[PDB]
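**Q** Structure in structure tokens, see below.
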Amino acid sequence: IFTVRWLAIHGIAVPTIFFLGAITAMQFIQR
Amino acid sequence: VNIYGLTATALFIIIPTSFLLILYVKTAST
Amino acid sequence: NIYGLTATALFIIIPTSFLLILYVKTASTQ
Amino acid sequence: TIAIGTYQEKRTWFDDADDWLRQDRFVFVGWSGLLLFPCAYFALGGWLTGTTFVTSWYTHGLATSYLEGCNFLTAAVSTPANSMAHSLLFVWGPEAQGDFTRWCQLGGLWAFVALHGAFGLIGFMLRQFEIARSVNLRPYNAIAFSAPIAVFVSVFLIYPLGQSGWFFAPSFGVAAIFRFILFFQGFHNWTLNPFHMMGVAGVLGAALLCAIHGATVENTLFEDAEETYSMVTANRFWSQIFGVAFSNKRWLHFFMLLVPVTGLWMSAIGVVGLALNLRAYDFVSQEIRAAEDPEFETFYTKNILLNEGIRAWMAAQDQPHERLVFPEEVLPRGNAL
Amino acid sequence: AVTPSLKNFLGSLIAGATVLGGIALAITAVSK
Amino acid sequence: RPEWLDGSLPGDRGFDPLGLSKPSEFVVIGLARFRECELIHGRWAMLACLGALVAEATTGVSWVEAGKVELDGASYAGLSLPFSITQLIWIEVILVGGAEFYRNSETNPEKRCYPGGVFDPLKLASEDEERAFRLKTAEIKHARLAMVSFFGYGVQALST
Amino acid sequence: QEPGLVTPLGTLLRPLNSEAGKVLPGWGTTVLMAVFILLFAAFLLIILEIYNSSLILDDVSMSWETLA
Amino acid sequence: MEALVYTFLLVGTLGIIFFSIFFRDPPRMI
Amino acid sequence: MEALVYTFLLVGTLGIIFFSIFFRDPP
Amino acid sequence: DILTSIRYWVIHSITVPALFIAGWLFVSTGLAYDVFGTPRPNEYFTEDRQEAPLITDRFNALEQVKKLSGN
Amino acid sequence: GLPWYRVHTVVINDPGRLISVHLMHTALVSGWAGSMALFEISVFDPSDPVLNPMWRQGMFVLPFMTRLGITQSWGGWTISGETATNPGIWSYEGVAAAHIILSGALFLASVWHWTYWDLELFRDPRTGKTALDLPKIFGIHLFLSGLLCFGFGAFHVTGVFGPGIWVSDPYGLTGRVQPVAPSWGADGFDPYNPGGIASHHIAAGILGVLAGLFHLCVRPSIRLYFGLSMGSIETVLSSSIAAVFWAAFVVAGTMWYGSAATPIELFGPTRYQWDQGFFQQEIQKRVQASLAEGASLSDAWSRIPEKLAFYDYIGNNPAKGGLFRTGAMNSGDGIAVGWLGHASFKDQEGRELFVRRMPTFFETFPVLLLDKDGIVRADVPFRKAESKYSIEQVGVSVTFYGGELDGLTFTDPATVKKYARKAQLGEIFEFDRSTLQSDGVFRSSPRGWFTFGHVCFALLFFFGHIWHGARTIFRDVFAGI
Amino acid sequence: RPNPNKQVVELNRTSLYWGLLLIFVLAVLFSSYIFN
Amino acid sequence: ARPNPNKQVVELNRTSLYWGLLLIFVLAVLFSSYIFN
Ligand code: CLA
Ligand code: CLA
Ligand SMILES: CCCCCCCCCCCCCCCC(=O)OC[C@H](COP(=O)(O)OC[C@@H](O)CO)OC(=O)CCCCCCCCCCCCCCC
Ligand SMILES: CC1=C(/C=C/C(C)=C/C=C/C(C)=C/C=C/C=C(C)/C=C/C=C(C)/C=C/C2=C(C)CCCC2(C)C)C(C)(C)CCC1
Ligand SMILES: CC1=C(/C=C/C(C)=C/C=C/C(C)=C/C=C/C=C(C)/C=C/C=C(C)/C=C/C2=C(C)CCCC2(C)C)C(C)(C)CCC1
């Protein structure tokens with residue numbers, strides 16, 4: 001079900017996970 | 001034109017006026 | 001100095017007179 | 001139907017929308033939500049994506065992104081270049097002409113974040129109003145929150161509008177805020193403006209009031225409708241320690257409300273004054289006394305010299321659009337005095 | 001004469017109307 | 001045909017798209033006046049149109065230009081008059097104000113719109129029900145025609 | 001209580017202030033109001049962008065040199 | 001400057017006279 | 001006489017504080 | 001209404017690693033530099049330019065930035 | 001009883017005394033206008049309108065009187081700088097006296113309306129209690145406002161009946177009151193176009209009278225009536241305060257950035273004209289044209305009017321003042337009395353050196369004489385500091401073209417340093433610093449003071465709008481819970 | 001302990017008018033000499 | 001012309017008087033140095 005709380009949580013969370021993966025990849029590179 | 005004359009005149013105008021207004025308001029309220 | 005001294009004197013005197021008048025009006029009725 | 005009042009009116013689309021929006025749930029949406037949620041969400045997203053990927057190698061000549069190696073403290077969302085002046089910098093505007101990459105390079109994210117954030121604060125205040133009306137309470141929270149809105153408007157909108165452009169507005173970052181603070185100290189003598197003095201007094205007094213109230217309530221509790229602490233004992237204690245003490249709960253809590261709001265409003269007025277370069281910079285009598293007599297020296301003169309040093313040693317790199325090249329012999333120095 | 005800035009501004013107005021209508025239709029669909 | 005167009009009035013033509021004269025229900029927490037207003041506006045419109053046409057025909061000066069030459073020198077039908085602008089405006093305001101003030105002091109709207117009496121020299125009104133109504137429709141139609149004609153004249157005066 | 005003071009000017013203007021609390025049932029003409037608000041917002045955006053040089057038109061120059 | 005002060009003093013005196021004449025305490029039980 | 005007026009203002013503030021401390025109205 | 005059952009921890013155990021790998025590939029492949037225009041560590045200073053670039057223009061910014069970015 | 005901040009709420013349900021207090025405020029405002037005009041005329045010095053304009057003497061009300069056509073005085077002088085013939089009733093003193101008389105009349109009317117308040121006009125015919133039909137009063141007042149706006153825009157600014165408004169050339173050299181023809185089209189929204197004023201006022205008056213008729217005829221809907229609380233008077237106050245600070249923001253922004261409604265000959269130049277080198281570019285273009293014609297340097301530089309060179313000077317920049325540097329500009333750096341000329345700095349080799357102008361944002365700026373390509377060539381070192389490119393070492397010589405000092409060349413390093421410091425600010429001018437005992441630090445233009453005051457008022461009024469809207473939309477709980 | 005000797009000062013409107021008139025007349029008379 | 005029902009009296013207790021006097025004197029102390037310049 002696409003309830004409002006589900007929408008809020010997913011909208012906050014998905015970019016957070018994407019950005020955390022990106023930042024870890026940045027940590028991998030030299031600088 | 002001196003500051004002393006103007007300030008003395010202003011104080012003499014204002015301070016007794018304030019005192020009299022205080023007393024009159026006290027009387028009228030009672 | 002005349003401008004500043006006059007402004008300071010008026011700012012000290014007039015609002016204090018207003019507040020004192022209001023308080024004396026209040027204190028009359030016990 | 002709907003009982004509007006004296007007469008009953010048939011329900012309408014608006015009635016259904018209002019009924020759904022005000023329905024109780026985990027996250028109270030309300031009518032204000034339509035304006036608050038999108039604007040605030042986009043402001044936060046823009047800030048994070050700007051600090052993560054977007055650079056400033058062209059607007060300021062500085063690297064201010066995680067991708068370039070910056071820390072959390074140094075990363076920031078830089079303002080657009082001074083060439084843009086006061087351009088609203090729409091992505092569809094003449095500056096970028098739709099190109100997202102060039103729009104990010106020119107620094108449109110700052111304007112995007114600032115505008116969406118200001119509308120988000122407006123929506124948040126409307127949300128406070130709506131919730132207070134729903135719960136049937138006095139909306140003193142909105143009047144309290146008016147002060148942050150005034151500070152944000154005066155610092156992030158009015159000040160750049162009165163200045164050369166958006167370039168001199170604060171940039172969203174931990175280190176950029178310190179740069180802005182030192183910039184005001186140097187070029188404005190902002191520490192001497194009486195309105196900033198009022199703001200400092202208000203904020204410190206608010207902190208003092210918070211600490212005193214918390215400690216006093218927590219130290220006069222009753223052992224266990226009726227109150228949870230003894231007002232009489234606290235009043236006696238503070239009357240015999242400090243000299244004066246509160247006797248009315250209403251007055252105490254209203255004072256707690258009143259102090260910080262007044263402090264911030266006076267600070268906002270001072271910043272508005274600075275926006276037009278109307279500064280409380282110097283005392284002419286002290287200046288002439290110092291000029292005539294070289295041996296006369298006070299702490300105000302030392303502050304003036306420090307401001308001169310700040311300006312001269314910062315302007316070379318802080319304002320690249322001026323293209324300033326100061327020779328070593330014109331830079332103010334202590335030994336040259 | 002229609003300058004590129006004016007055309008872009010008209011497109012922006014159309015997009016704003018589109019997003020407002022999207023919000024309105026979402027509210028209408030959910031509320032019903 | 002609109003329901004509020006009850007007919008039995010000279011200007012009935014079924015033209016009221018916006019429902020200005022449409023009655024509406026009210027909650028607490030007229031056609032005669034509008035007909036009178038149309039009548040008066042139309043009367044002045046025909047007067048102005050006839051005057052403008054006659055002035056253009058006889059002396060030839062433009063109606064829009066009239067007033068500039070009059071202020072420099074007063075003249076009617078090519079004959080001078082010994083009046084200045086101040087006396088002219090004073091006489092005009094006094095006489096028109098008197099005529100107005102006598103005009104609106106009528107509690108009866110039927111006489112307010114249609115005073116008759118001395119203003120009708122010939123006994124044309126009488127008590128006829130058809131011919132009088134037909135001529136009344138003629139007056140209202142010519143009033144509308146004059147109003148639209150003078151609006152056209154005013155539009156053409158601008159941008160020329 | 002007793003009727004207030006009566007003055008010819010007051011009686012002349014009496015019909016104006018004699019319809020308090022007088023409303024139309026339903027939503028009335030709110031849709032027209034919304035349309036006009038939208039139009040006014042569009043016009044305000046027009047003039048704001050013109051004044052800000054973010055909307056450039058051929059005829060307008062937006063400069064002190066337009067006083068020529 | 002001094003002329004303005006004299007004019008203010010005279011105007012104030014006239015105003016006090018006017019207030020005393022008109023805004024007087026109504027006399028009762030003469 | 002600037003020092004004089006500064007001192008007068010400071011002494012007035014101190015007097016107001018003293019009067020508020022010692023001449024407060026009873027509850 | 002908290003639900004931390006195994007159903008949650010198995011349905012959400014596939015998409016989350018997918019997002020993490022997607023972000024890692026986004027940074028590694030070089031799409032991050034292309035999309036946002038951030039210069040690479042070997043492109044900050046080109047052959048013709050050896051200092052911080054300056055915009056110094058408003059309506060010519062687009063092609064000027066394109067020219068001074070090495071493209 | 002009412003606390004000290006609720007005293008003026010006794011007239012919240014008494015229309016007569018509300019009218020009385022509003023009349024009293026109007027009388028006070030008119031009296032202030034008259035008194036300020038009288039004081040300004042008493043202080044104003046119309047001797048020199050070139051180097052001592054009205055915006056230089058700290059005149060606030062005089063520019064606003066002059067903007068709409070008041071250009072003569074009973075003293076025998078005009079703001080242009082010519083002898084005044086048949087000044088008529090509408091002069092500066094006449095306007096001040098008229099405002100004073102109006103203030104007195106309004107005071108008397110306020111007294112009358114305060115004394116007699118129980119009027120049958122304010123009583124509801126049905127209930128018999130005090131009431132106001134707010135939509136109908138709004139309709140009447142909007143009708144009047146639209147009529148007045150149309151009249152002003154069609155008869156005053158257009159010059160059909162009125163005198164016109166002040167219009168000037170782009171560089172503010174030849175300006176005067178003229179009729180302004182309406183400009184319908186894409187322009188008019190061009191802020192610096194005077195025809196926009198007439199076109200806007202005519203169109204807005206027509207729309208305002210139409211809207212007044214509509215609001216006069218059509219009653220509001222019940223849903224809107226309850227939503228906006230049209231039965232209460234405080235919502236009117238909140239909405240009025242909202243519109244008021246909106247207008248204050250708009251006017252302050254228009255003043256600060258300049259417009260056709262704020263000519264620079266009445267309020268002074270703008271910060272952004274000094275930032276972008278407006279007058280400097282105009283002067284350079286004119287002198288270059290004169291040089292290309294065939295004239296020498298001296299005669300070409302002599303053709304530049306003193307007014308144009310005066311505008312190109314950082315002293316008149318409204319962003320160089322201070323918050324507590326009160327008074328007129330003349331008290332700041334003296335009274336301008338003459339133009340020395342244009343200073344050209346040349347090293348011993350022969351290269352022409354240009355002094356870098358101080359940015360409008362620095363309080364103190366080091367003086368630097370740059371090359372033609374921007375390379376630093378000379379500079380006065382910091383006080384008592386070892387130097388390598390000082391004036392004495394490089395050997396810079398200054399020569400003046402046009403103005404008071406024409407054809408005079410100086411080689412003494414002291415006077416060269418002095419004139420370099422003077423030219424750092426822009427054009428060099430002779431100043432009388434003894435008449436007014438000027439301090440030596442720049443003050444701010446009336447433009448800056450107006451902008452600062454009105455932005456501060458607008459912020460405070462935004463807070464007032466918030467507070468009064470909250471009070472009017474929460475009246476049930478604000479009834480004293 | 002409360003003081004039995006407690007009294008209040010009164011000043012009717014006539015006294016206020018007299019005092020204001022007296023001080024303003026004294027100021028008018030002596031202003032010329034004070035300014036000199 | 002009759003006794004106006006909207007009749008009320010303003011009051012100001014001693015605490016308010018002290019607050020006002022302190023505010024006035026503190027503002028004067030803060031701004032006197034600036035005004036004298
Ligand atoms: C917004 C309205 C406005 C604006 C923009 C101006 C602008 C100006 N006025 Mg005008 N004036 C105004 C309203 C305004 N005035 C009013 C309402 C009055 C009547 C009281 C006057 C009376 C007046 C006179 C008599 C004179 C001026 C002068 C001036 C000029 C000097 C600038 C100035 O005031 O420095 C002063 C600016 C400040 C002091 C800034 C105030 C900063 C804060 C708000 C002060 C807060 C103090 C606070 C209460 C604490 C007080 C402490 C206590 C010791 C006093 C300038 C053009 C002078 C001039 O050059 O004209 C020839 C002049 O002589 N004005
Ligand atoms: C259109 C403007 C307007 C009007 C008509 C009102 C009218 C009112 N306000 Mg609102 N208000 C306004 C603007 C306005 N206000 C603004 C801009 C603010 C933000 C600062 C406020 C903030 C405000 C609060 C917080 C409160 C009110 C209250 C009131 C009511 C009582 C007035 C009062 O305080 O007693 C009379 C006030 C005094 C005697 C004190 C005056 C001392 C001032 C501060 C110093 C002197 C100023 C100087 C002489 C004049 C400055 C002129 C300047 C505006 C140009 C009254 C209905 C009160 C109310 O009814 O709430 C229950 C209340 O609590 N107002
Ligand atoms: C040994 C310790 C000695 C301590 C000495 C110092 C004590 C200071 C006492 C300050 C009293 C201030 C006036 C209170 C006026 C007064 O009577 O308040 C009375 C008030 C209590 O009010 P109520 O509760 O009775 O109010 C009832 C309601 O109906 C409202 O009236 O007390 C407070 O508000 C507490 C806030 C104190 C705020 C203190 C601020 C201190 C500012 C100091 C400024 C220094 C300037 C120096 C210049 C040189
Ligand atoms: C701009 C843009 C946009 C938008 C975007 C967005 C919306 C985004 C989002 C974004 C986001 C939404 C992001 C997020 C992020 C997040 C993050 C980045 C996080 C982080 C975290 C952290 C960092 C953590 C920390 C911690 C913790 C919590 C644990 C403990 C400890 C610590 C502290 C470590 C738009 C479309 C409009 C337009 C175009 C582009
Ligand atoms: C009765 C009459 C008369 C007389 C009249 C008169 C003479 C009047 C006057 C009047 C006046 C003579 C008025 C005045 C006024 C003034 C004012 C009203 C002022 C105000 C001010 C203000 C308000 C300010 C404030 C402030 C300050 C202080 C500074 C800045 C800040 C502020 C803003 C706060 C006669 C017999 C002839 C005739 C008949 C009638």
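Labels for the structure tokens follow display order: chains A, B, ..., residues from 1 in each chain, ligands from 1.
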Identify, counting only C-alpha atoms and all ligand atoms, the protein, DNA and RNA residues located within 7 Å of ligand 3, and give them as a compact mmCIF listing (two decimals) with N, CA, C and O atoms, in the first residue's frame.
**A**
```
# COMPACT_ATOMS: atom_id res chain seq x y z
N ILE D 241 18.47 35.59 47.38
CA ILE D 241 19.78 35.41 46.76
C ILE D 241 20.09 36.57 45.83
O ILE D 241 21.07 37.29 46.02
N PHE D 242 19.26 36.76 44.80
CA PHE D 242 19.55 37.74 43.77
C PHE D 242 19.02 39.13 44.11
O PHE D 242 19.70 40.13 43.85
N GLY D 243 17.83 39.21 44.68
CA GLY D 243 17.25 40.50 45.03
C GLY D 243 15.84 40.66 44.50
O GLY D 243 14.98 41.26 45.15
N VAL D 244 15.58 40.11 43.31
CA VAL D 244 14.26 40.11 42.71
C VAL D 244 13.93 38.69 42.28
O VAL D 244 14.83 37.87 42.04
N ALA D 245 12.64 38.39 42.19
CA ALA D 245 12.21 37.06 41.82
C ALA D 245 10.83 37.13 41.18
O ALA D 245 10.03 38.02 41.48
N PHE D 246 10.57 36.18 40.28
CA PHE D 246 9.26 36.08 39.67
C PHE D 246 8.23 35.60 40.68
O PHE D 246 8.52 34.80 41.57
N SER D 247 7.00 36.11 40.54
CA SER D 247 5.90 35.68 41.37
C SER D 247 4.71 35.17 40.58
O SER D 247 3.77 34.64 41.19
N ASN D 248 4.70 35.31 39.26
CA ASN D 248 3.60 34.87 38.42
C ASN D 248 4.14 33.95 37.34
O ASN D 248 5.09 34.31 36.64
N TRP D 251 3.82 35.57 33.84
CA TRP D 251 4.84 36.57 33.54
C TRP D 251 6.19 35.93 33.28
O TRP D 251 6.92 36.35 32.37
N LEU D 252 6.55 34.91 34.06
CA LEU D 252 7.83 34.24 33.87
C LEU D 252 7.93 33.62 32.49
O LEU D 252 8.91 33.84 31.76
N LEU I 10 25.01 56.28 34.54
CA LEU I 10 25.35 55.04 35.24
C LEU I 10 24.84 55.05 36.67
O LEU I 10 24.31 54.05 37.16
N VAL I 11 24.99 56.18 37.36
CA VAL I 11 24.52 56.28 38.74
C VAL I 11 23.01 56.21 38.80
O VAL I 11 22.44 55.63 39.73
N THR I 13 21.13 54.47 36.72
CA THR I 13 20.81 53.06 36.55
C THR I 13 21.04 52.28 37.84
O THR I 13 20.22 51.44 38.23
N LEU I 14 22.16 52.56 38.53
CA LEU I 14 22.43 51.88 39.79
C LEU I 14 21.36 52.22 40.83
O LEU I 14 20.94 51.34 41.60
N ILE I 17 18.27 50.22 40.12
CA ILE I 17 18.46 48.83 40.56
C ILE I 17 18.28 48.73 42.07
O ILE I 17 17.60 47.82 42.57
N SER I 20 14.63 49.11 43.04
CA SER I 20 13.87 47.92 42.69
C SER I 20 14.15 46.79 43.68
O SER I 20 13.24 46.04 44.04
N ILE I 21 15.40 46.66 44.12
CA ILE I 21 15.74 45.60 45.08
C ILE I 21 15.05 45.85 46.42
O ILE I 21 14.41 44.95 46.98
N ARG I 24 10.55 47.16 46.58
CA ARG I 24 9.56 46.43 45.80
C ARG I 24 8.25 46.33 46.56
O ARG I 24 8.22 46.29 47.80
N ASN M 13 1.41 48.89 37.49
CA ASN M 13 1.91 48.57 38.81
C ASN M 13 3.39 48.96 38.94
O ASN M 13 4.04 49.36 37.97
N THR M 15 6.09 47.21 39.51
CA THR M 15 7.03 46.39 38.75
C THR M 15 7.15 46.89 37.32
O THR M 15 8.26 46.98 36.77
N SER M 16 6.03 47.23 36.69
CA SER M 16 6.07 47.77 35.34
C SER M 16 6.81 49.10 35.30
O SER M 16 7.56 49.37 34.35
N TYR M 18 9.28 50.03 37.28
CA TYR M 18 10.71 49.73 37.38
C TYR M 18 11.25 49.19 36.07
O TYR M 18 12.34 49.58 35.63
N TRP M 19 10.50 48.31 35.42
CA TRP M 19 10.92 47.77 34.13
C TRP M 19 11.09 48.89 33.10
O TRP M 19 12.10 48.94 32.38
N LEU M 22 14.14 51.16 33.96
CA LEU M 22 15.38 50.46 33.66
C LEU M 22 15.63 50.39 32.16
O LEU M 22 16.75 50.60 31.70
N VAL M 26 18.85 52.15 30.47
CA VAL M 26 19.80 51.28 29.79
C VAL M 26 19.96 51.68 28.33
O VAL M 26 21.07 51.72 27.80
```
**Q** Which residues come within 10 Å of range 27-33 of chain M, counting only C-alpha atoms, excluding same-chain residues fewer than 2 positions away, as an NGL selection string?
**A** (:C and (4-5 or 7-9 or 11-12)) or (:D and (194 or 197-198 or 283)) or (:I and (2 or 5-10 or 12-13)) or (:M and (21-25 or 35-37))
**Q** Name each residue within 7 Å of ligand 5, counting only C-alpha atoms and all ligand atoms, as a PyMOL selection string.
**A** chain K and resi 28-29+31-32+35+100-101+103-105+107
**Q** Just the number, please: distance in Å from CA of residue 310 in chain D to CA of residue 371 in chain K, one decimal.
**A**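 Calculated distance between CA of residue 310 in chain D and CA of residue 371 in chain K is 26.7 Å.
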**Q** Could you list the residues in chain C lying within 10 Å of chain K, using only C-alpha atoms, and format the result as a PyMOL selection string?
**A** chain C and resi 19+22+26
**Q** Any chance you could export the current selection's C-alpha atoms as a JSON list (two decimals), in the first residue's frame?
**A**
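To be explicit, this is the file written out as again_32.json:
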```json
[["chain", "number", "residue", "atom", "x", "y", "z"],
["C", 19, "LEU", "CA", 5.59, 56.29, 33.19],
["C", 22, "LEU", "CA", 0.70, 56.22, 34.75],
["C", 26, "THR", "CA", -2.46, 53.38, 39.30]]
```
**Q** If you run DSSP on the backbone, which residues of chain M are alpha helix (DSSP H), as a PyMOL selection string?
**A** chain M and resi 14-36
**Q** Residues of the last selection are to be written out with N, CA and C atoms, as a PDB file, in the first residue's frame.
**A**
```
ATOM      1  N   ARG M  14       3.909  48.842  40.160  1.00  0.00           N
ATOM      2  CA  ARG M  14       5.263  49.311  40.440  1.00  0.00           C
ATOM      3  C   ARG M  14       6.309  48.513  39.670  1.00  0.00           C
ATOM      4  N   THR M  15       6.089  47.207  39.509  1.00  0.00           N
ATOM      5  CA  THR M  15       7.029  46.387  38.749  1.00  0.00           C
ATOM      6  C   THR M  15       7.154  46.887  37.316  1.00  0.00           C
ATOM      7  N   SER M  16       6.027  47.231  36.693  1.00  0.00           N
ATOM      8  CA  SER M  16       6.065  47.774  35.342  1.00  0.00           C
ATOM      9  C   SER M  16       6.813  49.100  35.304  1.00  0.00           C
ATOM     10  N   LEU M  17       6.624  49.937  36.324  1.00  0.00           N
ATOM     11  CA  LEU M  17       7.346  51.203  36.382  1.00  0.00           C
ATOM     12  C   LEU M  17       8.850  50.970  36.447  1.00  0.00           C
ATOM     13  N   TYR M  18       9.285  50.026  37.284  1.00  0.00           N
ATOM     14  CA  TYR M  18      10.711  49.733  37.381  1.00  0.00           C
ATOM     15  C   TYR M  18      11.250  49.194  36.065  1.00  0.00           C
ATOM     16  N   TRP M  19      10.495  48.306  35.415  1.00  0.00           N
ATOM     17  CA  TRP M  19      10.924  47.775  34.125  1.00  0.00           C
ATOM     18  C   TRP M  19      11.094  48.890  33.105  1.00  0.00           C
ATOM     19  N   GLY M  20      10.122  49.802  33.039  1.00  0.00           N
ATOM     20  CA  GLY M  20      10.205  50.885  32.073  1.00  0.00           C
ATOM     21  C   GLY M  20      11.364  51.824  32.344  1.00  0.00           C
ATOM     22  N   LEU M  21      11.548  52.205  33.611  1.00  0.00           N
ATOM     23  CA  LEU M  21      12.656  53.091  33.954  1.00  0.00           C
ATOM     24  C   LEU M  21      13.994  52.442  33.633  1.00  0.00           C
ATOM     25  N   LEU M  22      14.143  51.157  33.965  1.00  0.00           N
ATOM     26  CA  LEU M  22      15.385  50.460  33.665  1.00  0.00           C
ATOM     27  C   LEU M  22      15.626  50.391  32.165  1.00  0.00           C
ATOM     28  N   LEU M  23      14.581  50.105  31.386  1.00  0.00           N
ATOM     29  CA  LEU M  23      14.739  50.043  29.937  1.00  0.00           C
ATOM     30  C   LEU M  23      15.181  51.389  29.377  1.00  0.00           C
ATOM     31  N   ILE M  24      14.546  52.471  29.829  1.00  0.00           N
ATOM     32  CA  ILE M  24      14.888  53.801  29.328  1.00  0.00           C
ATOM     33  C   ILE M  24      16.332  54.146  29.667  1.00  0.00           C
ATOM     34  N   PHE M  25      16.725  53.931  30.924  1.00  0.00           N
ATOM     35  CA  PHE M  25      18.072  54.309  31.335  1.00  0.00           C
ATOM     36  C   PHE M  25      19.127  53.444  30.655  1.00  0.00           C
ATOM     37  N   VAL M  26      18.849  52.153  30.472  1.00  0.00           N
ATOM     38  CA  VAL M  26      19.802  51.282  29.794  1.00  0.00           C
ATOM     39  C   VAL M  26      19.955  51.684  28.333  1.00  0.00           C
ATOM     40  N   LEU M  27      18.845  51.986  27.654  1.00  0.00           N
ATOM     41  CA  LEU M  27      18.940  52.435  26.270  1.00  0.00           C
ATOM     42  C   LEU M  27      19.728  53.733  26.170  1.00  0.00           C
ATOM     43  N   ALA M  28      19.490  54.664  27.097  1.00  0.00           N
ATOM     44  CA  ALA M  28      20.238  55.915  27.088  1.00  0.00           C
ATOM     45  C   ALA M  28      21.724  55.672  27.310  1.00  0.00           C
ATOM     46  N   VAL M  29      22.069  54.785  28.246  1.00  0.00           N
ATOM     47  CA  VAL M  29      23.471  54.463  28.490  1.00  0.00           C
ATOM     48  C   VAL M  29      24.102  53.870  27.237  1.00  0.00           C
ATOM     49  N   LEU M  30      23.377  52.980  26.561  1.00  0.00           N
ATOM     50  CA  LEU M  30      23.921  52.329  25.377  1.00  0.00           C
ATOM     51  C   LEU M  30      24.124  53.313  24.231  1.00  0.00           C
ATOM     52  N   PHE M  31      23.193  54.248  24.040  1.00  0.00           N
ATOM     53  CA  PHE M  31      23.207  55.090  22.850  1.00  0.00           C
ATOM     54  C   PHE M  31      23.827  56.467  23.057  1.00  0.00           C
ATOM     55  N   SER M  32      24.124  56.865  24.295  1.00  0.00           N
ATOM     56  CA  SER M  32      24.667  58.200  24.520  1.00  0.00           C
ATOM     57  C   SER M  32      26.038  58.359  23.879  1.00  0.00           C
ATOM     58  N   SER M  33      26.891  57.342  23.998  1.00  0.00           N
ATOM     59  CA  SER M  33      28.222  57.428  23.409  1.00  0.00           C
ATOM     60  C   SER M  33      28.146  57.544  21.894  1.00  0.00           C
ATOM     61  N   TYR M  34      27.222  56.812  21.271  1.00  0.00           N
ATOM     62  CA  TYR M  34      27.059  56.905  19.825  1.00  0.00           C
ATOM     63  C   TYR M  34      26.531  58.273  19.418  1.00  0.00           C
ATOM     64  N   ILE M  35      25.555  58.794  20.162  1.00  0.00           N
ATOM     65  CA  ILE M  35      24.936  60.059  19.784  1.00  0.00           C
ATOM     66  C   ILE M  35      25.916  61.214  19.953  1.00  0.00           C
ATOM     67  N   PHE M  36      26.667  61.230  21.057  1.00  0.00           N
ATOM     68  CA  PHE M  36      27.698  62.250  21.220  1.00  0.00           C
ATOM     69  C   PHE M  36      28.800  62.097  20.182  1.00  0.00           C
TER      70      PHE M  36
END
```
**Q** May I ask you to write as a list in words all residues lying at most 7 Å from ligand 1, with only C-alpha atoms and all ligand atoms counted?
**A** residues 7, 8 and 11 of chain C; 36, 40, 43, 57, 58, 59, 60, 323, 324, 325, 326, 327, 328, 445, 446, 449, 450, 453 and 454 of chain K; 27, 28, 31, 32 and 35 of chain M
**Q** Would you name the residues within 12 Å of ligand 4, counting only C-alpha atoms and all ligand atoms, and put them as an MDAnalysis selection string?
**A** (chainID A and resid 8:24) or (chainID D and resid 37:54 66 71:72 77 90:92 98:101 103:104 107:113 115:116) or (chainID J and resid 35:36)
**Q** Got a sec: who's within 10 Å of range 7-9 of chain F, counting only C-alpha atoms, leaving out chain neighbours fewer than 6 positions off, as a PyMOL selection string?
**A** chain F and resi 32+35+133+136-137
**Q** May I have the residues within 10 Å of ligand 2, computed using only C-alpha atoms and all ligand atoms, as a PyMOL selection string?
**A** (chain C and resi 15) or (chain D and resi 143) or (chain K and resi 2-12+21-22+29+233-234+236-242+244-245+453-454+457-468+471+478-480)
